[PDB]
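Asks: One structure follows; several queries about it will come next.
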Amino acid sequence: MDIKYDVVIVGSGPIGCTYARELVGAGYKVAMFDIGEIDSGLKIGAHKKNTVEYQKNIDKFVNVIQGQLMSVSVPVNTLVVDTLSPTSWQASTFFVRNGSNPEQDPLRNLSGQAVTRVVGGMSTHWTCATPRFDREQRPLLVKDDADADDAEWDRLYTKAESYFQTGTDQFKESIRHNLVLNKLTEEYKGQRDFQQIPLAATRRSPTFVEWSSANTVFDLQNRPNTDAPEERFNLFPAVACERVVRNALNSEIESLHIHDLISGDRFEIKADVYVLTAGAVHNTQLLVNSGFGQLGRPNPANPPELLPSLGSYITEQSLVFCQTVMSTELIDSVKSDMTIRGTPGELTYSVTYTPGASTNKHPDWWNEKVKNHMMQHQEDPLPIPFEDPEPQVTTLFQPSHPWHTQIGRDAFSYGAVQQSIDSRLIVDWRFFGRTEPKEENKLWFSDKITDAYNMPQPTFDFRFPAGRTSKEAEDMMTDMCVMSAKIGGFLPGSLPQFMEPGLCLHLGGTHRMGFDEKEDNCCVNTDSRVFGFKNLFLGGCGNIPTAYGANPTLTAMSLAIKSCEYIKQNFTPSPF
Amino acid sequence: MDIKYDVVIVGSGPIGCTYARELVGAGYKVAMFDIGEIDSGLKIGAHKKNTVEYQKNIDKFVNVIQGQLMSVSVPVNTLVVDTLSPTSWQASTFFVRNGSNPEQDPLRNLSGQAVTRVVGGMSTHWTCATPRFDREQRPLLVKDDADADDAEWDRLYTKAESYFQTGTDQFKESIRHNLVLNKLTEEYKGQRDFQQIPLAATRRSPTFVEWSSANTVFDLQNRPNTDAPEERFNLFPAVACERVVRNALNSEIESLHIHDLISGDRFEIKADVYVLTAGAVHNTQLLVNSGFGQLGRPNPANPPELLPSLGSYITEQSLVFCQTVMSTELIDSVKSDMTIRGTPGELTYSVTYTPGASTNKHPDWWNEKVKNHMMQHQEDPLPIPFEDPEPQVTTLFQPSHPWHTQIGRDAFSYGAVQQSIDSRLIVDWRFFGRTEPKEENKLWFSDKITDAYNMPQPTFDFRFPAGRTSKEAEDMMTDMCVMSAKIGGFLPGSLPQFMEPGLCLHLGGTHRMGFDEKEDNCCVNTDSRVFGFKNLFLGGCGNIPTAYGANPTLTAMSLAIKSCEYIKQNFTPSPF
Amino acid sequence: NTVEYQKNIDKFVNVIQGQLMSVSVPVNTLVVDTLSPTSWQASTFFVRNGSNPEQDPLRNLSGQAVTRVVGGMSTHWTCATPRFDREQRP
Amino acid sequence: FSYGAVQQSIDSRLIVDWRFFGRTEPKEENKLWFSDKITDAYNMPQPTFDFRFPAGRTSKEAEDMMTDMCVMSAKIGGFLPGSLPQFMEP
Ligand SMILES: *Cc1cc2c(cc1C)Nc1c([nH]c(=O)[nH]c1=O)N2C[C@H](O)[C@H](O)[C@H](O)COP(=O)(O)OP(=O)(O)OC[C@H]1O[C@@H](n2cnc3c(N)ncnc32)[C@H](O)[C@@H]1O
Ligand SMILES: *Cc1cc2c(cc1C)Nc1c([nH]c(=O)[nH]c1=O)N2C[C@H](O)[C@H](O)[C@H](O)COP(=O)(O)OP(=O)(O)OC[C@H]1O[C@@H](n2cnc3c(N)ncnc32)[C@H](O)[C@@H]1O
Ligand SMILES: *Cc1cc2c(cc1C)Nc1c([nH]c(=O)[nH]c1=O)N2C[C@H](O)[C@H](O)[C@H](O)COP(=O)(O)OP(=O)(O)OC[C@H]1O[C@@H](n2cnc3c(N)ncnc32)[C@H](O)[C@@H]1O
Ligand SMILES: OC[C@H]1O[C@H](O)[C@H](F)[C@@H](O)[C@@H]1O
Ligand SMILES: OC[C@H]1O[C@H](O)[C@H](F)[C@@H](O)[C@@H]1O
């Protein structure tokens, strides 16, 4: 390993990989460190759902997600167990046990918040939904010129969409997708528009989708290599980055202190440019461990030297969820263009349709797939083919329905997987609310309790704010109940519910962007540069300072792209 | 991908890798195919528990196991869901839904039986317990010469242990391990012997154990490479192997028909030697799909032409389980040697001991870790260090207690993890019974229903035989209850129970070994060669024809080693 | 109408449950495959514990129950007595 | 007449129950009949139901009744975890 790089990036998630792709490509000498290890196959940091096996058994993938979601703060446990044998050892108190955080108020937590430590970060498991924010949800990159701001966002999002391979066509031939899309489109005719959820993914075959990931942004291969002989990049896994060292004036970072988890060695790495893309929780941790913000329980009477807004104004989305069982009317409608004679399972049975007829409700490709299913499988009481892909439907956030929606099938199931109801009939509903940024909603770090990596224990103090956030969240619930009913009734065991706070994993605003540190209560400027510091940048959803409902990663990547433009303008690459 | 090889091996689990290690090392041009993918880090086929993150969060690893255990045979669901909305599509019958298997009698199943399809097979998640079988549990390799039979098993087992890196001292300085070991040794003094579970594992650090896997046996890198420039090996993942093609004379295999899951194409691969190591269920399936045994529901009236014992005499072990909460007595004994000064928490408290004192109940390494824990953490009410490894205790199968036992902490938890009870108090108990082989116990494959890879659906017809197998299982349950109580009372939520049949994943005898096809009711001889066929071999637990309690993989590997000696004598490698 | 029930109203569900005897219970087909190998075990889902083998589980009023006490179900009911409007009324 | 375990963490003063009841079209095919072989606990012919909620108006109204309860109840408060909106056993 070297002493000296042009750029060091902490984290190999998709935002770290945006920095690598831009900067490695512009000829910089780059080092990237990740605390986790390579475990997606030979494609480093690729999506773990891209196996033939997982896509043939998609109900098993929730186990992969759960296997790499380590809860951020778990309050001390007060469950009463009073049926132990009298011979068994017991304490007299609910003591600090099993890694629990005694700092944590269990009634002001994001109990669902979790972090992932593997190369490629959470993008090794994510859903790949990559919608744009509309103006209402989106921070300003230019003030008092709406159209210049629009132009800037379009340019950045479009680039971000190409890095992720975002598209809205991958589910276009699914019967279930179109069944639900078309019904919703008809029902809300000229009140709401419906489309495919924009997905970072390329379809390989009718039965396989290559989901995008960090690896899609940047392959993570060490460089120079035969394909990139003039490029310079080293990935160092199993390396806990612990502190950036500030000069006395607080105007520059002088080194990054790391801990090699395999050898146990501790080094200081030198770079011209330090980029922190370790996640919304862990960027905050690392900065606090470095003397930014304030360590320990908040105390106003001791304002911090640097970045007093660090860990304040945190946001996380309210999430409501249910599943439905497709209505008889919609199932019957799948076979509306068919002529069905005789009795299934006998040689007199037949199913036909008229090709190209304009009274047909469905296209030929639909009617052919129904025909073939019904004729080849006459034991089956449903008209939907067995390998039909799932719906992937959304009506994006608008001011009159200020929530994001995802309607279809999600690998991240939240309860035991039902087996009594045919999976073809099941549609999932997830609506995501925006949360107002409020100073009192905080991520902070213990001065005494440490985590499994001996760094300061994260602790949340969060409640969904009264006023607009709370009113929207409940109207969002009612809207899900109202809309889902147009498709079918609720599946027992998946009735409408709010999910645990933070189960979303869309936390933002932990190290938020604005134009002015004081007036905008923020930590980085629009170049993602930490105020005061020449050479320290933050990347990730932690930057986003607004109340947003839609999935944030595309927006974070867009920001990282703009940040890299500043870097190219102000630092020169070392000669090869 | 060439068209011609010396040896083709189906499956990259530890038994296929044994064939690889032996025949690649001997100069053969070998190809190995696996229906699954490289998913598991840069060490191809390695244990997935070998990450810093999993060993810092071992309670998460159950998720990785669950995520790659795909149920073999799920009977049609008859759960009544009578609270759907009246507008939802509702079933009139319990029809065949969600990949369930209508051939399956739910009351004669191995419901717990499951398969793993990833490079390295189940050795990417297994517990790594590798005991030897004593005579009583073990098939004969030599007739009429018990001492010759024993010497041959010693020779094979010793190689096998070397390939897996089996050892019995990786947990020797664990306090919990010795706490339970010593207590059971004393309680059963002169009656039974206790020891560490033999484990395929090398300790690297006091908090990390490099668990062995297929990778340990054979690293799975394509050859030639720098380190082995005269060897020839190719691994082809994502290739479903479907049939071995018999010549009309049924004396030889002419090719292996494969389906490349990525391109979708099907090819015929030619080899001199064909080795099937696809696991106990899938070797059988591949054979039946190739014309061996009998496809479809068993029908005696029309006996099969080849291998009429295939899929018969199957054995699976009974498994009882519980967890206990450590007795007050044993916890207090942990600190028996300490001198304790003052009262916990101030600059004044002191904990000390005398190294070497004859009055000491525990060694110096034990007291030192204890002392240190009680001084670095005076708030903690327990004397067990936070980083102390789990117990790994067994008393091995004997005539007077004919069950294998594993006592400690298994990463394969069967219910939600308790967080109310301190984990350092918890000890798991897994006792495993042996099942007599009976012709009526069967694994067979549907002539109509197919699985996710369009192969004949597997179906169990199984019950634990009445008589000794059943009497022994119930006796085993009482023994766990009686033995466990010497350590502590049961943990609510983990009360003593029989696990689902097949949850063991120790299925044997599906393609069983013996000396004489007819007299021993078997499919392969002691070279693992399929009777009548010059160039087809089967490896794996499916070969083991006896009633066994202990974990079978080491014994399967031993048989594979012997098989390789035959191949090496009877086939010549192609020139390089 | 006891002081003790109206002081502990949460408890009266037990009284209701205790005198609702189910009308028709279909034959049970739950799989229990973790019995000890020594215990007597069914080969079939035979008619057990009062179940009715005539009853299709899927065309049932499973929640239907009856009460056999003097005063019948009025000994536990909710006492809601609305009139029907014409729409609902014979 | 509570349907699930009585929850204890939320102050009972905050809790409001909602029950909305639909009307069911009378249909000849919806039947209560009595076995000629099976008997009940008083040795009388065992009752058997053959019942589905009629398609059409009864079904439409039932789903609409659910939606109305989600809409109405939200004016008072959000759903209590464990008593989420659900159809009860027929
Ligand atoms: C788990 C999850 C996540 C999302 C979806 C579904 C599920 C179940 N679905 C999804 C998401 N977001 C979208 O916009 N759309 C979707 O459909 N999910 C969230 C998404 O996954 C995240 O927003 C995104 O990855 C964040 O990218 P990032 O800022 O690059 O952050 P990551 O957490 O992915 O990666 C950071 C990284 O750094 C490491 N690390 C952490 N601490 C350290 C230290 N101290 N030193 C070194 N490295 C560190 C990690 O190990 C990790 O790889
Ligand atoms: C899952 C597990 C299993 C074990 C333990 C714990 C758990 C949770 N613990 C354990 C075991 N056994 C031991 O002796 N001791 C213990 O502590 N477990 C069982 C052990 O894991 C197995 O006995 C062993 O791997 C079997 O080895 P194998 O005979 O080589 O078989 P695998 O199942 O490992 O590998 C088969 C392999 O071939 C593939 N495959 C399947 N079908 C096909 C077809 N048609 N074409 C091509 N390839 C195919 C798989 O994908 C797989 O990798
Ligand atoms: C259990 C229940 C019932 C009602 C509500 C709440 C609950 C949990 N609440 C309620 C009801 N109705 C309302 O209009 N408003 C609400 O708030 N419930 C229904 C109500 O309880 C019934 O509709 C009402 O009692 C019916 O009155 P009935 O026609 O007089 O019938 P009962 O079932 O009350 O009593 C009949 C009776 O005769 C007996 N019996 C049964 N078979 C025989 C035979 N062969 N021989 C002799 N006697 C027989 C019973 O034992 C019983 O006492
Ligand atoms: O569980 C909440 C999640 O639900 C959906 O899968 C979304 F796509 C994702 O952005 C989110 O994290
Ligand atoms: O859950 C059953 C499992 O329990 C223990 O882990 C044993 F090591 C293993 O051989 C077995 O498969």
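Chain labels run A, B, ... following the order of the structure tokens; each chain numbers its residues from 1, and ligands are numbered from 1 in the order shown.
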Chain B least-squares fit onto chain A, all C-alpha atoms in order: RMSD in Å?
Replies: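 For chain A versus chain B, the C-alpha RMSD is 0.4 Å.
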Asks: Would you pick out the contacts of stretch 54-67 of chain C at 8 Å or less, using only C-alpha atoms, so that residues sharing its chain but fewer than 2 positions from it are not included, and give the list as number ranges by chain?
Replies: B: 80, 82, 92-93; C: 19-27, 52, 69, 72-73; D: 35, 48-52, 89-90
Asks: Point out the residue among C:3, C:47, C:70, C:35 with the least atom-to-atom distance to chain D, counting only C-alpha atoms.
Replies: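 Of C:3, C:47, C:70, C:35, the one nearest chain D is C:47, counting only C-alpha atoms.
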Asks: Compute the set of protein, DNA and RNA residues whose minimum atom distance to ligand 1 is at most 7 Å, using only C-alpha atoms and all ligand atoms, and state it as JSON, numbers by chain.
Replies: {"A": [10, 11, 12, 13, 14, 15, 16, 33, 34, 35, 36, 65, 69, 115, 116, 117, 118, 119, 120, 121, 122, 123, 125, 126, 127, 128, 129, 130, 239, 240, 241, 242, 277, 278, 279, 280, 282, 283, 286, 412, 505, 506, 539, 540, 541, 551, 552, 553, 554]}
Asks: Which chain D residues have any atom within 10 Å of an atom of chain C, and for each, what is the nearest pair of atoms with distance in Å to one decimal, counting only C-alpha atoms, rows sorted by chain and number, as a Markdown table?
Replies:
```
| residue | atom | partner | partner_atom | distance |
| --- | --- | --- | --- | --- |
| D:1 | CA | C:13 | CA | 5.0 |
| D:2 | CA | C:13 | CA | 6.2 |
| D:3 | CA | C:13 | CA | 8.5 |
| D:6 | CA | C:10 | CA | 7.3 |
| D:23 | CA | C:88 | CA | 8.3 |
| D:30 | CA | C:59 | CA | 9.2 |
| D:31 | CA | C:60 | CA | 9.8 |
| D:32 | CA | C:60 | CA | 9.6 |
| D:33 | CA | C:54 | CA | 10.0 |
| D:34 | CA | C:54 | CA | 9.1 |
| D:35 | CA | C:54 | CA | 7.2 |
| D:37 | CA | C:54 | CA | 9.4 |
| D:38 | CA | C:52 | CA | 7.2 |
| D:39 | CA | C:52 | CA | 8.7 |
| D:40 | CA | C:50 | CA | 7.7 |
| D:41 | CA | C:50 | CA | 8.1 |
| D:46 | CA | C:52 | CA | 7.4 |
| D:47 | CA | C:24 | CA | 6.2 |
| D:48 | CA | C:55 | CA | 5.7 |
| D:49 | CA | C:60 | CA | 5.3 |
| D:50 | CA | C:59 | CA | 5.1 |
| D:51 | CA | C:59 | CA | 4.8 |
| D:52 | CA | C:59 | CA | 5.8 |
| D:53 | CA | C:59 | CA | 9.3 |
| D:88 | CA | C:63 | CA | 8.3 |
| D:89 | CA | C:63 | CA | 5.2 |
| D:90 | CA | C:61 | CA | 4.7 |
```
Asks: Show me, as a ChimeraX atom specification, the residues of chain B whose atoms get within 6 Å of chain A, using only C-alpha atoms for the distance check.
Replies: /B:38-41,60,63-64,67,77,85,87-89,97,325-328,420,422,488-489
Asks: With 7 Å as the limit and counting only C-alpha atoms, what residues in chain A lie close to chain D? Please list them as a PyMOL selection string.
Replies: chain A and resi 474+478+481-482+489+495-496
Asks: Tell me, as an MDAnalysis selection string, which residues lie within 8 Å of stretch 31-34 of chain C, counting only C-alpha atoms; anything in the same chain fewer than 3 positions away does not count.
Replies: chainID B and resid 106:107 497:501
Asks: For the selection you just gave me, I'd like the residues written to a file as a PDB file, in the first residue's frame, keeping N, CA and C atoms.
Replies:
```
ATOM      1  N   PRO B 106     -48.038 -34.903   2.989  1.00  0.00           N
ATOM      2  CA  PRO B 106     -47.430 -34.036   3.978  1.00  0.00           C
ATOM      3  C   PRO B 106     -47.065 -34.742   5.250  1.00  0.00           C
ATOM      4  N   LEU B 107     -47.693 -35.879   5.480  1.00  0.00           N
ATOM      5  CA  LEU B 107     -47.422 -36.658   6.673  1.00  0.00           C
ATOM      6  C   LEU B 107     -46.337 -37.691   6.511  1.00  0.00           C
ATOM      7  N   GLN B 497     -37.336 -29.964  22.088  1.00  0.00           N
ATOM      8  CA  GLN B 497     -38.162 -30.308  20.969  1.00  0.00           C
ATOM      9  C   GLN B 497     -37.452 -31.126  19.914  1.00  0.00           C
ATOM     10  N   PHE B 498     -38.234 -31.949  19.221  1.00  0.00           N
ATOM     11  CA  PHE B 498     -37.875 -32.518  17.911  1.00  0.00           C
ATOM     12  C   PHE B 498     -37.977 -31.485  16.829  1.00  0.00           C
ATOM     13  N   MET B 499     -36.893 -31.347  16.073  1.00  0.00           N
ATOM     14  CA  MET B 499     -36.920 -30.500  14.841  1.00  0.00           C
ATOM     15  C   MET B 499     -37.578 -31.178  13.668  1.00  0.00           C
ATOM     16  N   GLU B 500     -37.949 -30.363  12.684  1.00  0.00           N
ATOM     17  CA  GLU B 500     -38.607 -30.889  11.471  1.00  0.00           C
ATOM     18  C   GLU B 500     -37.731 -31.947  10.850  1.00  0.00           C
ATOM     19  N   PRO B 501     -38.351 -33.030  10.354  1.00  0.00           N
ATOM     20  CA  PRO B 501     -37.609 -34.084   9.738  1.00  0.00           C
ATOM     21  C   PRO B 501     -36.864 -33.577   8.502  1.00  0.00           C
TER      22      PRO B 501
END
```
Asks: Considering only alpha helix (DSSP H) as DSSP defines it on the backbone, what residues of chain C qualify? List them as a list in words.
Replies: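 Filtering chain C down to alpha helix (DSSP H) leaves residues 3, 4, 5, 6, 12, 13, 14, 15, 16, 17 and 18 of chain C.
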Asks: Which is closest to chain C among B:409, B:232, B:132, B:108, if we use only C-alpha atoms?
Replies: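 Smallest separation from chain C among the options: B:108.
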Asks: Enumerate the residues of stretch 319-497 of chain A with a DSSP assignment of strand (DSSP E or B), computed from the backbone, and present them as a PyMOL selection string.
Replies: chain A and resi 319-327+338-341+350-353+392-394+398+401+403-408+426-433+442-450+456-461+488-490+497
Asks: Hey, which of B:517, B:254, B:439, B:475 ends up closest to chain C? Count only C-alpha atoms.
Replies: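 For chain C, the nearest of the candidates is B:475.
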Asks: Please list as a list in words every residue within 10 Å of residue A:513, counting only C-alpha atoms and excluding residues in the same chain fewer than 2 positions away.
Replies: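 Close residues of residue A:513: residues 139, 140, 141, 509, 510, 511, 515, 516, 517, 520, 521, 522, 523, 524, 525, 526, 527, 528, 529, 530, 538, 542, 543, 544, 545, 546 and 559 of chain A.
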Asks: Save the residues we just selected, N, CA and C atoms, as a PDB file, in the first residue's frame?
Replies:
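Result saved to again-v6.pdb:
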```pdb
ATOM      1  N   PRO A 139     -33.109  20.072  -3.308  1.00  0.00           N
ATOM      2  CA  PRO A 139     -32.407  21.313  -2.936  1.00  0.00           C
ATOM      3  C   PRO A 139     -32.051  22.147  -4.147  1.00  0.00           C
ATOM      4  N   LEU A 140     -31.872  23.425  -3.871  1.00  0.00           N
ATOM      5  CA  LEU A 140     -31.442  24.420  -4.830  1.00  0.00           C
ATOM      6  C   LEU A 140     -29.955  24.300  -5.050  1.00  0.00           C
ATOM      7  N   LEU A 141     -29.538  24.282  -6.335  1.00  0.00           N
ATOM      8  CA  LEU A 141     -28.123  24.385  -6.740  1.00  0.00           C
ATOM      9  C   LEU A 141     -27.830  25.766  -7.260  1.00  0.00           C
ATOM     10  N   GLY A 509     -29.831  14.399   5.522  1.00  0.00           N
ATOM     11  CA  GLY A 509     -29.664  15.639   6.288  1.00  0.00           C
ATOM     12  C   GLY A 509     -28.765  15.543   7.539  1.00  0.00           C
ATOM     13  N   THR A 510     -28.014  14.469   7.674  1.00  0.00           N
ATOM     14  CA  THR A 510     -27.045  14.285   8.765  1.00  0.00           C
ATOM     15  C   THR A 510     -25.802  15.191   8.610  1.00  0.00           C
ATOM     16  N   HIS A 511     -25.580  15.704   7.402  1.00  0.00           N
ATOM     17  CA  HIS A 511     -24.386  16.520   7.128  1.00  0.00           C
ATOM     18  C   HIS A 511     -24.738  17.340   5.912  1.00  0.00           C
ATOM     19  N   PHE A 515     -26.306  26.860   0.841  1.00  0.00           N
ATOM     20  CA  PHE A 515     -25.435  27.937   0.316  1.00  0.00           C
ATOM     21  C   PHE A 515     -24.575  28.559   1.360  1.00  0.00           C
ATOM     22  N   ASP A 516     -25.124  28.746   2.572  1.00  0.00           N
ATOM     23  CA  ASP A 516     -24.470  29.488   3.670  1.00  0.00           C
ATOM     24  C   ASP A 516     -24.549  28.684   4.977  1.00  0.00           C
ATOM     25  N   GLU A 517     -23.404  28.385   5.635  1.00  0.00           N
ATOM     26  CA  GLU A 517     -23.329  27.546   6.828  1.00  0.00           C
ATOM     27  C   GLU A 517     -24.308  27.991   7.906  1.00  0.00           C
ATOM     28  N   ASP A 520     -28.257  28.827   6.303  1.00  0.00           N
ATOM     29  CA  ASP A 520     -28.924  27.580   5.882  1.00  0.00           C
ATOM     30  C   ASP A 520     -28.764  26.389   6.840  1.00  0.00           C
ATOM     31  N   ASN A 521     -28.147  26.594   8.016  1.00  0.00           N
ATOM     32  CA  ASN A 521     -27.942  25.558   9.028  1.00  0.00           C
ATOM     33  C   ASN A 521     -27.362  24.280   8.416  1.00  0.00           C
ATOM     34  N   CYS A 522     -26.230  24.431   7.767  1.00  0.00           N
ATOM     35  CA  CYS A 522     -25.681  23.316   7.060  1.00  0.00           C
ATOM     36  C   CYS A 522     -24.168  23.090   7.239  1.00  0.00           C
ATOM     37  N   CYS A 523     -23.665  22.052   6.570  1.00  0.00           N
ATOM     38  CA  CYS A 523     -22.340  21.518   6.780  1.00  0.00           C
ATOM     39  C   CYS A 523     -21.464  21.508   5.539  1.00  0.00           C
ATOM     40  N   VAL A 524     -22.048  21.304   4.345  1.00  0.00           N
ATOM     41  CA  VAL A 524     -21.306  21.418   3.068  1.00  0.00           C
ATOM     42  C   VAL A 524     -22.005  22.426   2.163  1.00  0.00           C
ATOM     43  N   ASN A 525     -21.265  22.989   1.229  1.00  0.00           N
ATOM     44  CA  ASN A 525     -21.833  23.902   0.277  1.00  0.00           C
ATOM     45  C   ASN A 525     -22.294  23.111  -0.943  1.00  0.00           C
ATOM     46  N   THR A 526     -22.646  23.792  -2.045  1.00  0.00           N
ATOM     47  CA  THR A 526     -23.215  23.076  -3.198  1.00  0.00           C
ATOM     48  C   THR A 526     -22.203  22.283  -4.008  1.00  0.00           C
ATOM     49  N   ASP A 527     -20.923  22.494  -3.722  1.00  0.00           N
ATOM     50  CA  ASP A 527     -19.845  21.614  -4.241  1.00  0.00           C
ATOM     51  C   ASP A 527     -19.587  20.388  -3.325  1.00  0.00           C
ATOM     52  N   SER A 528     -20.400  20.191  -2.304  1.00  0.00           N
ATOM     53  CA  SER A 528     -20.190  19.121  -1.292  1.00  0.00           C
ATOM     54  C   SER A 528     -18.915  19.271  -0.491  1.00  0.00           C
ATOM     55  N   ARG A 529     -18.406  20.508  -0.450  1.00  0.00           N
ATOM     56  CA  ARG A 529     -17.195  20.817   0.259  1.00  0.00           C
ATOM     57  C   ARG A 529     -17.580  21.255   1.679  1.00  0.00           C
ATOM     58  N   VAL A 530     -16.904  20.711   2.665  1.00  0.00           N
ATOM     59  CA  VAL A 530     -17.086  21.092   4.041  1.00  0.00           C
ATOM     60  C   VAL A 530     -16.632  22.558   4.277  1.00  0.00           C
ATOM     61  N   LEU A 538     -17.942  15.660   1.353  1.00  0.00           N
ATOM     62  CA  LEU A 538     -18.907  14.657   1.762  1.00  0.00           C
ATOM     63  C   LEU A 538     -19.847  14.317   0.651  1.00  0.00           C
ATOM     64  N   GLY A 542     -26.835  11.969   3.301  1.00  0.00           N
ATOM     65  CA  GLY A 542     -26.585  12.908   4.384  1.00  0.00           C
ATOM     66  C   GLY A 542     -26.543  14.371   3.941  1.00  0.00           C
ATOM     67  N   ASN A 543     -26.191  14.597   2.657  1.00  0.00           N
ATOM     68  CA  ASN A 543     -26.191  15.924   2.112  1.00  0.00           C
ATOM     69  C   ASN A 543     -27.555  16.522   1.866  1.00  0.00           C
ATOM     70  N   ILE A 544     -28.557  15.704   1.602  1.00  0.00           N
ATOM     71  CA  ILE A 544     -29.803  16.210   1.142  1.00  0.00           C
ATOM     72  C   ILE A 544     -30.499  16.924   2.329  1.00  0.00           C
ATOM     73  N   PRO A 545     -30.767  18.236   2.216  1.00  0.00           N
ATOM     74  CA  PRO A 545     -31.328  19.008   3.320  1.00  0.00           C
ATOM     75  C   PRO A 545     -32.822  19.216   3.293  1.00  0.00           C
ATOM     76  N   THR A 546     -33.524  18.705   2.265  1.00  0.00           N
ATOM     77  CA  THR A 546     -34.981  18.978   2.093  1.00  0.00           C
ATOM     78  C   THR A 546     -35.780  17.802   2.610  1.00  0.00           C
ATOM     79  N   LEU A 559     -25.513  15.102  -6.922  1.00  0.00           N
ATOM     80  CA  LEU A 559     -24.672  15.932  -6.072  1.00  0.00           C
ATOM     81  C   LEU A 559     -23.191  15.579  -6.137  1.00  0.00           C
TER      82      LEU A 559
END
```
Asks: Atom CA of residue B:296 and atom CA of residue B:502, how far apart in Å?
Replies: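 Atom CA of residue B:502 sits 21.7 Å away from atom CA of residue B:296.
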Asks: Please determine, counting only C-alpha atoms and all ligand atoms, which residue among A:573, A:493, A:102, A:433 has the shortest atom-to-atom distance to ligand 4.
Replies: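 Residue with the minimum atom-to-atom distance to ligand 4: A:433.
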Asks: Excluding residue A:306 and residues on its chain fewer than 6 positions from it, collect all residues at most 8 Å away from it, counting only C-alpha atoms, and give them as an MDAnalysis selection string.
Replies: chainID A and resid 291:293
Asks: What is the distance between atom CA of residue B:456 and atom CA of residue A:49, in Å to one decimal?
Replies: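 Atom-to-atom, atom CA of residue B:456 to atom CA of residue A:49, that is 25.6 Å.
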Asks: So how many Å separate atom CA of residue C:71 and atom 6 (C, counted along the ligand's line) of ligand 3, to one decimal?
Replies: 13.1 Å
